[PDB]
RNA sequence: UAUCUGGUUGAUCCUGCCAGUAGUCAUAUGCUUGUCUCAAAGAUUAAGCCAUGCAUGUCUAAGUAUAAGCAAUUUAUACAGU
RNA sequence: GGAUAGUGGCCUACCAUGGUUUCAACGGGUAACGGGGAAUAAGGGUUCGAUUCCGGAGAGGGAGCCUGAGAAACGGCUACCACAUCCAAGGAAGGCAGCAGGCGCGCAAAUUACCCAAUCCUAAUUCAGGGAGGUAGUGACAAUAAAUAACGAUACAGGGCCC
RNA sequence: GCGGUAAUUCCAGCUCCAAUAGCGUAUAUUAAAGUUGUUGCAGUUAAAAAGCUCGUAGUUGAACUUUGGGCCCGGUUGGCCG
RNA sequence: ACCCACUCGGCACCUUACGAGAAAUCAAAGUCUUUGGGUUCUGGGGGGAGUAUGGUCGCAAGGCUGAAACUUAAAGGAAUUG
RNA sequence: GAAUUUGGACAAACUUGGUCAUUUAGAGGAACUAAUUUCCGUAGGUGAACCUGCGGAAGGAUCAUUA
């Protein structure tokens, strides 16, 4: 909670990735540290 | 601020990306002509696309017309001097019938193999990008050269850069000195 | 009714939304700006053993063009109330010692910037320096700036001097990649940008750190008013959300305290409503909260079902062995056939499924702590802490950026650990309403990056959540979301996937990050770090179930189904454990039936098809109970 | 450089849209990143506020010099080079 | 008639009742400076153009004006409004949408560097000056070319097949 | 859509592909789109013919007015003629 | 008044399938990819909704005009089959 | 030839009213979400899928008899 996420849409102009009822944006970067790289363990995420 | 430098990209990506004919048919070209990317084929498709466009517009024009005669003869003559088009087919109806193996016939990478003393078509390319081969007074280190059919009687090893003379290099220096001389103490 | 609301040009008049934001942007920056009511806090940490970071302040204050180079002599102060003329800012620069690792972690637990020294010559210390970056980085950094400071950034290398910059930028991004470049302090405007960035960039907030008022003490003194206790005098700048007299207050390595009065530089004492230095104790308020659930020895059948130095290293090899086998066959207790499996399994309760069944929350336990009723019960934890922070806003007498002489009730027992506030950092953290008193909490452990040694489930681990630090023998469980909130106990801890600890400790109301470690007094720096994690919530109803699996073999098939080899020993083992169903490894269910036991054999019944040279396993579940905890100083 | 392929049904032929595909001197972002030639770069939100420094000065044989300036005085206390 | 450098409702006096419109007036909106252009390539179009050139407009917001051939000039002034600076409190002082920097803002953009050597511009002028301009720094905005391996021997399986 | 359990789709390990110092995602836009239609749509039944007629602007609106024949001049193309 | 032949206009049947069409079917729904006689109106996936709001006409009931945020992977047409 | 000074156009701007739209703390309210025969038009009626009156359509399943 109370972090700094960067959003972008899914790729449908809004609505869904699939079954998801009313969620349209995915998170790309937390705290400037790029969820792809964290998920692949390439950087680290400092707190705030 | 000074005039903008004009620039324009060369290759043209294909429209259908996974097409089982094209993916395989390109790679035979990659084999025989020794190209590092499919982009190196695409550039040739683009050059051919501009000659087929420029030729295709002139066929909508009439014979005995100065634009077709002039721009036509300049097109044809420019393709004859690079050896893509053969000699008997100076018609401009034929320059649509060209294909990619005619431009790739004339890369210097293959001109060195077809020429002789480069045994392979990969060994030829390595001879190019490693500064060995030349065209004339000039060294060429870039494969996609389009040898212009008058320069075929001039391609050789360079004056410098062994295989051509005056030095053995690096590795023959370390052998002949720092092993064979190293037998002397 | 009227709903045109279209075709407007006064949209430009929605610049008033741009004036509210600029107005709040200035109202952010009243606190840090001026020679009056302002201070920044800066810490210089060398990530090598080298450098002696005095010189970092030397290189960094050449670009003040002032007389602030007169302070920072060979005279050792370590906290500097430096004002800079050139940026109208006043800084509190701290350097902690390189020996005390906890000094380092408790420094940036106060700071606003953490300037990291690096080196061109000597590599970053793997076992000390990297651990500094990780540990600060997991406790929460306000802000952070990189620095190369070696002369041998040039003096080694006329070999196109920069390229070490790619190694240290590239190295330095791998922890926190919000930093593009690492600044050199051996050139002018580079050092200037460091100084600018210290002076006028805002530091971000840390939520637990700013939802509690806190000061940095500039002067400490003690006043006798009692013959053992007394009063303190602590002068400093309030930077958190603030203070009220009725709260407690906390000091690291001293514990919780209760302040008496607060001077403002209007004075408030502390009236009736102040809280105390206990848990929710009261020694007769337990048995007003009466309970029911009894698992007696009534019924000699019918288990509870409700039908539907080198010796410690040998202990380390024992822990590695028990976790090694406890990986492969988990929860599989191996019965001694000589001894009766009834006395061992008296308190256990068998279940169809953990997730589906329901326990009444406690029981007539008596292996619980008797202080179970001496615990604060919480409703919705979200609807607790937003309310408490709401009362902290509305009742904060001390606005931040105010100078306060502070009056703390304090024993003369504890003056002998006090140092002067120059060579170290006596700094005082406020608390909230119920943040002193005990309830059942939950953390969320995850292992450290290098770490691979096994961690058993009730060995003691020091937990630093927020500021306070306790000695905790935890209770581990995997994270899952059962509706009954009943989860499977772990006997050891997983290789990677984030689990949940559980213990009794007093509550946090801010969900601070936590670092988990054991003290390593014989070893290197004073701690072997184990893990990091986050205070999840305070749940008393988090029921961990100890799983014990009894395992048997079949002998002869095709008849009913199956018999028993190793499962049981006596026909006494029938009556307890044969209303409880039974599972197998993509197979059948339920109801072993009696036979002989005189050698060993119990002719089972089942529901399904496949049986071969296989195993057969049942289960019994027991609640685990939390252990109470102590502080660590 | 004049191309379509999946989704509605028990199966069909359709209207039909959804999704896929390719370009973008259209920006952003993520991960990587060795060579050369070339090169944009606070436009979008905020024509919002600005610390400091700098961006507009100018002389010939040829407007006016008693500088109490400098040089050799040197053709000359009428001046007379700079 | 006045006024203007000058035609002109540009303005005053008197007089007349006209002028534009569904071939779309007028009003509203534009996340609209206009073009030359750009992207997409069967043809025909659609979408974009703040941005290297030309043209306009503005220098915090409006207004006024001096001086000059040329300014409604802001690296000129005057007042008011909104901001904001030093002050000994009497007063004094200012406008980066030049360049480099900041701070906010944001999804989003670099150096408080070197130099007049080119390009050209200004003056009494080959000489002085010019963040106009150039050079370097940063820069995966976009483009072009293109390294990360080439060849032998021996031996096993071949596909050939040398005569 | 794959996986209520012998996972072609989840998790890894090999192996393979595609592009290649580049590649991937968001957003916009163009193509694909003959789903904007002038070229070029569709209106019985799938969305669509206005309840009918009159009627101004608009758009469109039958045919017809010296045709043919001589007569040289007169540049090109093509050829045995070369 | 019939009966026969012929013709002009009208309401329809019926038959081919020449063409059309997705098909049922159609002398027009034909002469439209061999894609242009003249002209008016309407539609551009389905719900949200003929609702909200604004005018406007009506004594009233109401009629005319008529969105969007939003949500959705179908909704729909013709025809065959146990 | 300075301060000052009458009238004039150019006029920034101020103060009051009314009026409109918009941010803004905002005491409160109001609600808000989560633990079968087919029709059309129209009029009236019932807790409700609905029923009834008038006119209209099939978007609905013509065998026999006319020598």
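All Cβ positions, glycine included, derive from the backbone under ideal geometry; neighbour counts span all protein chains shown. Here, each number is a calculation from the coordinates, and none is a lab measurement.
General observations
- Rounded, prolate or oblate (a/c below 1.5 giving rounded, otherwise prolate when a/b exceeds b/c) for region B:97-136 by Cα gyration tensor: prolate
- Prolate/oblate/rounded label for the protein assembly as shown (Cα gyration tensor, a/c 1.5): oblate
- Taking the convex hull of Cα positions in region C:315-411, its mean projected area over all directions (nm²): 15.3 nm²
- Folded to 0 to 90 degrees: helix B:66-81 orientation relative to chain B principal axis, Cα: 20 degrees
- MRE, 222 nm, helices only [DSSP H, n ≥ 4, -39500 (n - 2.57), over chain C, to nearest 500]: -5000 deg cm²/dmol
- Convex hull of Cα atoms in region B:17-185, direction-averaged projection (nm²): 13.7 nm²
- Between region C:189-220 and region B:1-41, the alpha-carbon center distance in angstrom: 55 Å
- The mean number of partner chain beta-carbon atoms within 10 angstrom of a residue's beta-carbon across peptide C:129-141 is 2.
- Region C:13-111 shape via C-alpha gyration tensor axes, a/c threshold 1.5: prolate
- Sorted fewest first by neighbouring Cβ atoms within 10 angstrom, C:357, C:107 come out as C:357, C:107.
- Relative packing of C:411-419, C:20-28, C:243-251, C:183-191, which averages over residues the other C-beta atoms within 10 Å, highest first: C:243-251, C:183-191, C:411-419, C:20-28
- Residue C:390/residue A:28 FRET efficiency (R0 45 Å; Cβ-Cβ; nearest 0.05): 0.85
- Volume per residue of the convex hull around the Cα atoms, evaluated for chain C, comes out as 287 Å³.
- Pairwise centroid distance, computed over Cα atoms, of chain A with region B:110-173, Å: 54 Å
- The rule of thumb for compact globular proteins, 2.2 N^0.38 Å, goes into the C-alpha radius of gyration of region C:145-223 1.56 times.
- Legend: calculated FRET efficiency, residue C:178 to residue C:200, from the Cβ-Cβ distance at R0 = 25 Å, rounded to 0.05, equals 0.85.
- Separation of alpha-carbon centers, region C:423-465 and region C:127-162, rounded to whole Å: 28 Å
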